[PDB]
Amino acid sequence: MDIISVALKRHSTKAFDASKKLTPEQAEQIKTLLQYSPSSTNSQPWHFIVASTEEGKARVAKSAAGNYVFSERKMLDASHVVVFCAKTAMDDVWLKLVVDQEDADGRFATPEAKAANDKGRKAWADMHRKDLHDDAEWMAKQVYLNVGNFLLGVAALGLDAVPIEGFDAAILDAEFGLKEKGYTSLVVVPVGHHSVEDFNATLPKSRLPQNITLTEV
C-alpha cells in the first residue's frame, strides 16, 4: 500500500476477535519486525516475549489486575501478545555479543574497523552508565522506538494491534522471571483482528494540528 495511508488508517483496537488468529507466516513476520528495529549503536538492549498459546496469554494477562482490568481481555482475546522488555543494565558481555555478531555478519573488513566500532559503542555506553547514570532509561527509550516501528509494521501487514502501558510491570516481570535475567517489561502489544465491539475502529482519528506541534525553519 502507501505507507501514509497505513499511518492514517491504523488504530488502537479496544476489542479483539478471539476467533481470528495470525497465519503462520504472519507470526514469523511480526518477529522479524521485532528483531530488525534500529537502536542506538545497534545496542539492541531488549528482549521480547511472544505469547500465542492460551496459557501463555493467560500468564501475561495476570499483569492486568486491579486498576488495569480494562486491558485484560485485550491480552486474552488477541491472537498474539508481545511483551517489550528493556535490559536493566548495560553490561560488557552484551556489548561483546553485539560487536561479535556484526563481525560475523561481515560488517568489518579489518580487525581495526571492528576495534573502532566496539570502542565507540563502549564510549556511549560508559557515558550513560558511568557519567549520566541513565543507561536504564536510555535503553528503555530504544525499546519504545522498537514499539513505534512495530506498530506501523503490523498495521502495514493488515493486522490489528494496541500498545498497552496499563499493566503491572512488577507482576509481569515476576511471572516470567525477568529481573533475574536482567530485563524489565515496558509495553504490552496484543496483535490480531478487531471485533465489532471495537469502538475505536469506527471513531475519527484525533491529533493536534501542526501549527501547534511543528515548527518549520
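Don't overthink the numbering: it's just position in the shown sequence, from 1.
In this entry, 105 to 113 shows the higher mean Cα temperature factor of the pair 139 to 147 and 105 to 113. In this crystal structure, the stretch out of 117 to 125 and 79 to 87 whose C-alpha atoms carry the higher mean B factor is 117 to 125. Looking only at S195, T23, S206, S12, the residue with the top Cα B factor in the deposited structure is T23. Of the candidates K31, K179, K57, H47, the one whose C-alpha carries the top B factor in the deposited record is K179. In this PDB entry, the Cα temperature factor of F167 sits in the middle third of its chain's modelled residues.
When the modelled residues of the chain are ordered by their C-alpha B factor, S185 lands in the middle third. The PDB entry assigns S37 a C-alpha temperature factor belonging to the lowest third of its chain's modelled residues. Annotation for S52: CA B-factor lies in the highest third of the chain's modelled residues.
Annotation for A155: CA B-factor lies in the middle third of the chain's modelled residues.
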